file start_8.cif (mmCIF, C-alpha atoms and all ligand atoms; chains and numbers go by the auth columns)
data_coords
loop_
_atom_site.group_PDB
_atom_site.id
_atom_site.type_symbol
_atom_site.label_atom_id
_atom_site.label_comp_id
_atom_site.label_asym_id
_atom_site.label_seq_id
_atom_site.Cartn_x
_atom_site.Cartn_y
_atom_site.Cartn_z
_atom_site.B_iso_or_equiv
_atom_site.auth_seq_id
_atom_site.auth_asym_id
ATOM 1 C CA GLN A 1 -15.662 1.437 -34.372 0.00 1 A
ATOM 2 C CA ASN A 2 -15.771 5.015 -33.113 0.00 2 A
ATOM 3 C CA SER A 3 -14.111 6.316 -36.281 0.00 3 A
ATOM 4 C CA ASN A 4 -16.895 4.420 -38.079 0.00 4 A
ATOM 5 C CA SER A 5 -19.622 6.610 -36.540 0.00 5 A
ATOM 6 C CA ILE A 6 -17.616 9.817 -37.093 0.00 6 A
ATOM 7 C CA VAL A 7 -17.117 9.237 -40.804 0.00 7 A
ATOM 8 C CA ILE A 8 -20.849 8.511 -41.040 0.00 8 A
ATOM 9 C CA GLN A 9 -21.592 11.830 -39.292 0.00 9 A
ATOM 10 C CA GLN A 10 -19.346 13.618 -41.781 0.00 10 A
ATOM 11 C CA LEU A 11 -21.121 11.920 -44.688 0.00 11 A
ATOM 12 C CA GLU A 12 -24.589 12.713 -43.369 0.00 12 A
ATOM 13 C CA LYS A 13 -23.718 16.389 -43.034 0.00 13 A
ATOM 14 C CA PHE A 14 -21.951 16.399 -46.395 0.00 14 A
ATOM 15 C CA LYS A 15 -24.965 14.774 -48.025 0.00 15 A
ATOM 16 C CA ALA A 16 -27.250 17.660 -46.987 0.00 16 A
ATOM 17 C CA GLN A 17 -25.047 20.462 -48.295 0.00 17 A
ATOM 18 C CA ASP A 18 -25.326 22.335 -51.570 0.00 18 A
ATOM 19 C CA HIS A 19 -22.008 21.608 -53.264 0.00 19 A
ATOM 20 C CA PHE A 20 -22.500 23.911 -56.240 0.00 20 A
ATOM 21 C CA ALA A 21 -22.934 27.419 -54.895 0.00 21 A
ATOM 22 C CA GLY A 22 -20.728 30.399 -55.665 0.00 22 A
ATOM 23 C CA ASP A 23 -17.565 30.390 -53.554 0.00 23 A
ATOM 24 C CA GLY A 24 -17.432 34.187 -53.562 0.00 24 A
ATOM 25 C CA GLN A 25 -14.188 33.975 -55.508 0.00 25 A
ATOM 26 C CA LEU A 26 -13.991 32.548 -59.032 0.00 26 A
ATOM 27 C CA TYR A 27 -16.691 29.880 -58.876 0.00 27 A
ATOM 28 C CA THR A 28 -20.142 31.247 -59.695 0.00 28 A
ATOM 29 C CA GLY A 29 -22.118 28.062 -59.033 0.00 29 A
ATOM 30 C CA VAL A 30 -24.547 26.047 -61.126 0.00 30 A
ATOM 31 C CA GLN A 31 -27.153 28.452 -62.471 0.00 31 A
ATOM 32 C CA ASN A 32 -29.730 25.983 -63.804 0.00 32 A
ATOM 33 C CA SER A 33 -31.670 25.152 -60.648 0.00 33 A
ATOM 34 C CA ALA A 34 -32.957 21.872 -62.045 0.00 34 A
ATOM 35 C CA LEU A 35 -29.386 20.905 -62.873 0.00 35 A
ATOM 36 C CA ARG A 36 -27.892 21.985 -59.539 0.00 36 A
ATOM 37 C CA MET A 37 -30.492 20.027 -57.608 0.00 37 A
ATOM 38 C CA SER A 38 -29.934 17.037 -59.879 0.00 38 A
ATOM 39 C CA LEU A 39 -26.203 17.289 -59.092 0.00 39 A
ATOM 40 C CA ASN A 40 -26.562 17.599 -55.324 0.00 40 A
ATOM 41 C CA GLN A 41 -28.769 14.505 -55.519 0.00 41 A
ATOM 42 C CA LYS A 42 -26.092 12.500 -57.355 0.00 42 A
ATOM 43 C CA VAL A 43 -23.612 13.603 -54.680 0.00 43 A
ATOM 44 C CA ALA A 44 -26.107 12.662 -51.996 0.00 44 A
ATOM 45 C CA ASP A 45 -26.465 9.235 -53.619 0.00 45 A
ATOM 46 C CA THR A 46 -22.723 8.557 -53.395 0.00 46 A
ATOM 47 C CA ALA A 47 -22.643 9.834 -49.818 0.00 47 A
ATOM 48 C CA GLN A 48 -25.468 7.437 -48.953 0.00 48 A
ATOM 49 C CA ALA A 49 -23.600 4.580 -50.631 0.00 49 A
ATOM 50 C CA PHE A 50 -20.560 5.163 -48.405 0.00 50 A
ATOM 51 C CA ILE A 51 -22.805 5.225 -45.327 0.00 51 A
ATOM 52 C CA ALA A 52 -24.295 1.848 -46.257 0.00 52 A
ATOM 53 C CA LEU A 53 -20.769 0.505 -46.570 0.00 53 A
ATOM 54 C CA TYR A 54 -19.633 1.728 -43.148 0.00 54 A
ATOM 55 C CA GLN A 55 -22.852 0.420 -41.630 0.00 55 A
ATOM 56 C CA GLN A 56 -22.112 -3.079 -42.937 0.00 56 A
ATOM 57 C CA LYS A 57 -18.342 -2.931 -42.457 0.00 57 A
ATOM 58 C CA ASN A 58 -16.472 -1.589 -39.431 0.00 58 A
ATOM 59 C CA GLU A 59 -13.334 -0.799 -41.447 0.00 59 A
ATOM 60 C CA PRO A 60 -13.904 -0.620 -45.240 0.00 60 A
ATOM 61 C CA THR A 61 -10.873 -1.433 -47.417 0.00 61 A
ATOM 62 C CA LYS A 62 -9.295 1.057 -49.829 0.00 62 A
ATOM 63 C CA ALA A 63 -10.548 -0.978 -52.778 0.00 63 A
ATOM 64 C CA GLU A 64 -14.092 -0.970 -51.383 0.00 64 A
ATOM 65 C CA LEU A 65 -14.036 2.766 -50.808 0.00 65 A
ATOM 66 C CA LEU A 66 -12.614 3.307 -54.300 0.00 66 A
ATOM 67 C CA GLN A 67 -15.335 1.333 -56.056 0.00 67 A
ATOM 68 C CA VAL A 68 -18.060 3.338 -54.314 0.00 68 A
ATOM 69 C CA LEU A 69 -16.261 6.487 -55.441 0.00 69 A
ATOM 70 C CA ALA A 70 -15.846 5.233 -59.032 0.00 70 A
ATOM 71 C CA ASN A 71 -19.449 4.077 -59.297 0.00 71 A
ATOM 72 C CA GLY A 72 -20.727 7.310 -57.791 0.00 72 A
ATOM 73 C CA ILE A 73 -18.934 9.493 -60.333 0.00 73 A
ATOM 74 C CA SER A 74 -19.754 7.295 -63.330 0.00 74 A
ATOM 75 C CA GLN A 75 -23.441 8.156 -62.721 0.00 75 A
ATOM 76 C CA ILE A 76 -22.767 11.676 -63.980 0.00 76 A
ATOM 77 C CA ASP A 77 -22.367 12.202 -67.738 0.00 77 A
ATOM 78 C CA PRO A 78 -19.488 14.685 -68.209 0.00 78 A
ATOM 79 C CA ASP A 79 -20.910 15.707 -71.600 0.00 79 A
ATOM 80 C CA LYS A 80 -23.864 17.412 -69.855 0.00 80 A
ATOM 81 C CA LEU A 81 -21.752 19.940 -67.887 0.00 81 A
ATOM 82 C CA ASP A 82 -19.445 22.866 -68.719 0.00 82 A
ATOM 83 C CA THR A 83 -15.821 22.938 -67.615 0.00 83 A
ATOM 84 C CA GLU A 84 -16.399 24.962 -64.425 0.00 84 A
ATOM 85 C CA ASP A 85 -19.186 22.645 -63.337 0.00 85 A
ATOM 86 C CA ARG A 86 -17.084 19.551 -64.033 0.00 86 A
ATOM 87 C CA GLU A 87 -14.246 20.996 -61.948 0.00 87 A
ATOM 88 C CA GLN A 88 -16.607 21.624 -59.044 0.00 88 A
ATOM 89 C CA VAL A 89 -17.839 18.020 -59.188 0.00 89 A
ATOM 90 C CA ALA A 90 -14.242 16.800 -58.996 0.00 90 A
ATOM 91 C CA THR A 91 -13.497 19.094 -56.052 0.00 91 A
ATOM 92 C CA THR A 92 -16.669 17.862 -54.349 0.00 92 A
ATOM 93 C CA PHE A 93 -15.650 14.220 -54.828 0.00 93 A
ATOM 94 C CA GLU A 94 -12.147 15.012 -53.582 0.00 94 A
ATOM 95 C CA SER A 95 -13.784 15.801 -50.252 0.00 95 A
ATOM 96 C CA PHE A 96 -14.963 12.180 -50.121 0.00 96 A
ATOM 97 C CA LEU A 97 -11.343 11.072 -50.403 0.00 97 A
ATOM 98 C CA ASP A 98 -10.497 13.152 -47.347 0.00 98 A
ATOM 99 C CA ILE A 99 -13.528 11.877 -45.418 0.00 99 A
ATOM 100 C CA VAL A 100 -13.037 8.128 -46.011 0.00 100 A
ATOM 101 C CA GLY A 101 -9.253 8.378 -45.780 0.00 101 A
ATOM 102 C CA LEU A 102 -8.601 7.417 -49.381 0.00 102 A
ATOM 103 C CA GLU A 103 -5.395 8.897 -50.761 0.00 103 A
ATOM 104 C CA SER A 104 -6.023 8.785 -54.509 0.00 104 A
ATOM 105 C CA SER A 105 -8.801 8.139 -57.013 0.00 105 A
ATOM 106 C CA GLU A 106 -6.326 6.150 -59.137 0.00 106 A
ATOM 107 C CA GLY A 107 -6.620 8.752 -61.869 0.00 107 A
ATOM 108 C CA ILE A 108 -10.380 8.225 -62.138 0.00 108 A
ATOM 109 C CA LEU A 109 -11.336 11.832 -61.369 0.00 109 A
ATOM 110 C CA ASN A 110 -8.964 13.370 -63.926 0.00 110 A
ATOM 111 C CA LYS A 111 -10.078 10.888 -66.590 0.00 111 A
ATOM 112 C CA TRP A 112 -13.653 11.945 -65.914 0.00 112 A
ATOM 113 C CA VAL A 113 -12.916 15.681 -66.183 0.00 113 A
ATOM 114 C CA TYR A 114 -10.581 15.688 -69.209 0.00 114 A
ATOM 115 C CA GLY A 115 -11.321 12.342 -70.866 0.00 115 A
ATOM 116 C CA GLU A 116 -14.249 13.094 -73.155 0.00 116 A
ATOM 117 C CA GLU A 117 -12.881 16.613 -73.634 0.00 117 A
ATOM 118 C CA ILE A 118 -9.497 15.464 -74.977 0.00 118 A
ATOM 119 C CA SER A 119 -11.203 12.702 -76.967 0.00 119 A
ATOM 120 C CA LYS A 120 -13.423 15.268 -78.726 0.00 120 A
ATOM 121 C CA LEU A 121 -10.425 17.582 -79.189 0.00 121 A
ATOM 122 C CA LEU A 122 -8.477 14.801 -80.921 0.00 122 A
ATOM 123 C CA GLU A 123 -11.586 13.869 -82.962 0.00 123 A
HETATM 124 CL CL CL B . -6.923 12.130 -56.728 0.00 201 B
#
call {"tool": "encode", "arguments": {"input": "start_8.cif", "output": "structure tokens"}}
result
Amino acid sequence: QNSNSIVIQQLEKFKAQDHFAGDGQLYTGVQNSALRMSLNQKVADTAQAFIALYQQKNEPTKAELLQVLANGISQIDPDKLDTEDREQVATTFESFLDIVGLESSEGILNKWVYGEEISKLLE
């Protein structure tokens, strides 16, 4: 029940961060301010969903954690972002996996990044 409060502290901090700034290296960040803010909000929404789960459940199951992840990412239309921005969203959501102790996204994150892209390529 102590781990429960820690994860929540991680999520609260994570929720308040800008996840789409330039990393100094090869990622430049989301330039459209309206879009970046809109994206941080979507991330904040998923973070807040996980918090609600841990508040109602001492030890959430892998399946529970995975559904919150899957529902959080499905809220973002991949056809509205460029490749670099989509990759940053995936990296950002990978951090959730580490936080909640979930090993995999069951291929959900890759399908999100390259799904519509490969579909349009084959079309
Ligand atoms: Cl993964």
call {"tool": "residues_near_ligand", "arguments": {"input": "start_8.cif", "ligand": "ligand CL 201 (chain B)", "cutoff": "8 Å", "atoms": "all atoms listed in the file", "output": "list in words"}}
result
residues 94, 97, 103, 104, 105, 106, 107, 108, 109 and 110 of chain A
call {"tool": "resolve_selection", "arguments": {"input": "start_8.cif", "expression": "the PyMOL selection byres (((chain A and resi 52-62) around 8) and not hetatm)", "output": "PyMOL selection string"}}
result
chain A and resi 1+4+8+48-51+63-66+102
call {"tool": "atom_distance", "arguments": {"input": "start_8.cif", "atom1": "CA of residue 46 (chain A)", "atom2": "CA of residue 12 (chain A)"}}
result
11.0 Å
call {"tool": "residues_around", "arguments": {"input": "start_8.cif", "residues": "region 18-29 of chain A", "least_positions_apart": "4", "cutoff": "7 Å", "atoms": "all atoms listed in the file", "output": "mmCIF file with C-alpha atoms, keeping the file's coordinate frame"}}
result
data_model
loop_
_atom_site.group_PDB
_atom_site.id
_atom_site.type_symbol
_atom_site.label_atom_id
_atom_site.label_comp_id
_atom_site.auth_asym_id
_atom_site.auth_seq_id
_atom_site.Cartn_x
_atom_site.Cartn_y
_atom_site.Cartn_z
ATOM 1 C CA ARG A 36 -27.892 21.985 -59.539
ATOM 2 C CA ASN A 40 -26.562 17.599 -55.324
ATOM 3 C CA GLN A 88 -16.607 21.624 -59.044
ATOM 4 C CA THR A 92 -16.669 17.862 -54.349
#
call {"tool": "axis_aligned_box", "arguments": {"input": "start_8.cif", "around": "region 46-59 of chain A", "padding_each_side": "5 Å", "output": "JSON"}}
result
{"center_x": -19.4, "center_y": 3.4, "center_z": -46.4, "size_x": 22.1, "size_y": 22.9, "size_z": 24.0}
call {"tool": "atom_distance", "arguments": {"input": "start_8.cif", "atom1": "CA of residue 69 (chain A)", "atom2": "CA of residue 30 (chain A)"}}
result
22.0 Å
call {"tool": "closest_residue", "arguments": {"input": "start_8.cif", "among": "A:112, A:70, A:122, A:77", "to": "residue 90 (chain A)", "atoms": "only C-alpha atoms"}}
result
A:112
call {"tool": "atom_distance", "arguments": {"input": "start_8.cif", "atom1": "CA of residue 93 (chain A)", "atom2": "CA of residue 123 (chain A)"}}
result
28.4 Å
call {"tool": "closest_residue", "arguments": {"input": "start_8.cif", "among": "A:121, A:34, A:113, A:39", "to": "residue 87 (chain A)", "atoms": "all atoms listed in the file"}}
result
A:113
call {"tool": "residues_around", "arguments": {"input": "start_8.cif", "residues": "residue 14 (chain A)", "least_positions_apart": "3", "cutoff": "9 Å", "atoms": "only C-alpha atoms", "output": "list in words"}}
result
residues 9, 10, 11, 17, 18, 19, 43, 44, 47 and 96 of chain A
call {"tool": "resolve_selection", "arguments": {"input": "start_8.cif", "expression": "the PyMOL selection byres (((chain A and resi 82) around 12) and not hetatm)", "output": "number ranges by chain"}}
result
A: 29-32, 35, 77-81, 83-89, 113-114, 116-117
call {"tool": "write_last_selection", "arguments": {"input": "start_8.cif", "atoms": "C-alpha atoms", "output": "CSV table (one decimal), keeping the file's coordinate frame"}}
result
chain,number,residue,atom,x,y,z
A,29,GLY,CA,-22.1,28.1,-59.0
A,30,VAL,CA,-24.5,26.0,-61.1
A,31,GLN,CA,-27.2,28.5,-62.5
A,32,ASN,CA,-29.7,26.0,-63.8
A,35,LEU,CA,-29.4,20.9,-62.9
A,77,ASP,CA,-22.4,12.2,-67.7
A,78,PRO,CA,-19.5,14.7,-68.2
A,79,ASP,CA,-20.9,15.7,-71.6
A,80,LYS,CA,-23.9,17.4,-69.9
A,81,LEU,CA,-21.8,19.9,-67.9
A,83,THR,CA,-15.8,22.9,-67.6
A,84,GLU,CA,-16.4,25.0,-64.4
A,85,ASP,CA,-19.2,22.6,-63.3
A,86,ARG,CA,-17.1,19.6,-64.0
A,87,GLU,CA,-14.2,21.0,-61.9
A,88,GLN,CA,-16.6,21.6,-59.0
A,89,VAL,CA,-17.8,18.0,-59.2
A,113,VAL,CA,-12.9,15.7,-66.2
A,114,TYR,CA,-10.6,15.7,-69.2
A,116,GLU,CA,-14.2,13.1,-73.2
A,117,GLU,CA,-12.9,16.6,-73.6
call {"tool": "build_atoms", "arguments": {"input": "start_8.cif", "residues": "region 5-32 of chain A", "atoms": "N, CA and C atoms", "output": "mmCIF file, in the coordinates of the input"}}
result
data_model
loop_
_atom_site.group_PDB
_atom_site.id
_atom_site.type_symbol
_atom_site.label_atom_id
_atom_site.label_comp_id
_atom_site.auth_asym_id
_atom_site.auth_seq_id
_atom_site.Cartn_x
_atom_site.Cartn_y
_atom_site.Cartn_z
ATOM 1 N N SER A 5 -18.483 5.721 -36.773
ATOM 2 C CA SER A 5 -19.622 6.610 -36.540
ATOM 3 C C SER A 5 -19.311 8.059 -36.917
ATOM 4 N N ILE A 6 -18.048 8.454 -36.770
ATOM 5 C CA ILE A 6 -17.616 9.817 -37.093
ATOM 6 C C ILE A 6 -17.691 10.056 -38.589
ATOM 7 N N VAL A 7 -17.093 9.148 -39.352
ATOM 8 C CA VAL A 7 -17.117 9.237 -40.804
ATOM 9 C C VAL A 7 -18.569 9.325 -41.271
ATOM 10 N N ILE A 8 -19.432 8.490 -40.696
ATOM 11 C CA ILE A 8 -20.849 8.511 -41.040
ATOM 12 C C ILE A 8 -21.473 9.878 -40.736
ATOM 13 N N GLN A 9 -21.077 10.504 -39.631
ATOM 14 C CA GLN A 9 -21.592 11.830 -39.292
ATOM 15 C C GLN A 9 -21.131 12.861 -40.314
ATOM 16 N N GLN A 10 -19.887 12.729 -40.760
ATOM 17 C CA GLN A 10 -19.346 13.618 -41.781
ATOM 18 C C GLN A 10 -20.122 13.469 -43.086
ATOM 19 N N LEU A 11 -20.423 12.226 -43.443
ATOM 20 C CA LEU A 11 -21.121 11.920 -44.688
ATOM 21 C C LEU A 11 -22.560 12.413 -44.667
ATOM 22 N N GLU A 12 -23.212 12.271 -43.521
ATOM 23 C CA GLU A 12 -24.589 12.713 -43.369
ATOM 24 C C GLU A 12 -24.685 14.222 -43.546
ATOM 25 N N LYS A 13 -23.751 14.940 -42.934
ATOM 26 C CA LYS A 13 -23.718 16.389 -43.034
ATOM 27 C C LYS A 13 -23.402 16.775 -44.470
ATOM 28 N N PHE A 14 -22.378 16.141 -45.027
ATOM 29 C CA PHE A 14 -21.951 16.399 -46.395
ATOM 30 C C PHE A 14 -23.086 16.177 -47.383
ATOM 31 N N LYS A 15 -23.861 15.130 -47.151
ATOM 32 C CA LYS A 15 -24.965 14.774 -48.025
ATOM 33 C C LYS A 15 -26.004 15.896 -48.143
ATOM 34 N N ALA A 16 -26.188 16.653 -47.063
ATOM 35 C CA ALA A 16 -27.250 17.660 -46.987
ATOM 36 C C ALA A 16 -26.831 19.034 -47.500
ATOM 37 N N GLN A 17 -25.564 19.177 -47.861
ATOM 38 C CA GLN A 17 -25.047 20.462 -48.295
ATOM 39 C C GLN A 17 -25.290 20.686 -49.779
ATOM 40 N N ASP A 18 -25.343 21.956 -50.168
ATOM 41 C CA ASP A 18 -25.326 22.335 -51.570
ATOM 42 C C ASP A 18 -23.862 22.461 -51.948
ATOM 43 N N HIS A 19 -23.418 21.646 -52.898
ATOM 44 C CA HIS A 19 -22.008 21.608 -53.264
ATOM 45 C C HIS A 19 -21.676 22.443 -54.493
ATOM 46 N N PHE A 20 -22.642 23.223 -54.964
ATOM 47 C CA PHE A 20 -22.500 23.911 -56.240
ATOM 48 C C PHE A 20 -22.982 25.351 -56.178
ATOM 49 N N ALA A 21 -22.651 26.006 -55.073
ATOM 50 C CA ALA A 21 -22.934 27.419 -54.895
ATOM 51 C C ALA A 21 -21.690 28.225 -55.230
ATOM 52 N N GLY A 22 -21.857 29.530 -55.403
ATOM 53 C CA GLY A 22 -20.728 30.399 -55.665
ATOM 54 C C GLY A 22 -19.823 30.491 -54.452
ATOM 55 N N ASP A 23 -18.514 30.389 -54.665
ATOM 56 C CA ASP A 23 -17.565 30.390 -53.554
ATOM 57 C C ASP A 23 -17.143 31.808 -53.178
ATOM 58 N N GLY A 24 -17.763 32.798 -53.812
ATOM 59 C CA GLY A 24 -17.432 34.187 -53.562
ATOM 60 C C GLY A 24 -16.263 34.625 -54.416
ATOM 61 N N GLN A 25 -15.348 33.695 -54.676
ATOM 62 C CA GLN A 25 -14.188 33.975 -55.508
ATOM 63 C C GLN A 25 -14.538 33.729 -56.977
ATOM 64 N N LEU A 26 -13.936 32.710 -57.582
ATOM 65 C CA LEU A 26 -13.991 32.548 -59.032
ATOM 66 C C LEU A 26 -15.044 31.547 -59.491
ATOM 67 N N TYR A 27 -15.626 30.815 -58.548
ATOM 68 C CA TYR A 27 -16.691 29.880 -58.876
ATOM 69 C C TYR A 27 -18.060 30.509 -58.661
ATOM 70 N N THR A 28 -18.854 30.561 -59.725
ATOM 71 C CA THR A 28 -20.142 31.247 -59.695
ATOM 72 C C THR A 28 -21.282 30.335 -59.238
ATOM 73 N N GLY A 29 -21.098 29.028 -59.399
ATOM 74 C CA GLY A 29 -22.118 28.062 -59.033
ATOM 75 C C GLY A 29 -22.944 27.632 -60.226
ATOM 76 N N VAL A 30 -23.681 26.539 -60.066
ATOM 77 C CA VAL A 30 -24.547 26.047 -61.126
ATOM 78 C C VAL A 30 -25.800 26.901 -61.167
ATOM 79 N N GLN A 31 -26.036 27.530 -62.313
ATOM 80 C CA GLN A 31 -27.153 28.452 -62.471
ATOM 81 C C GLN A 31 -28.484 27.735 -62.687
ATOM 82 N N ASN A 32 -28.505 26.740 -63.567
ATOM 83 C CA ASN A 32 -29.730 25.983 -63.804
ATOM 84 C C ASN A 32 -30.143 25.235 -62.542
#
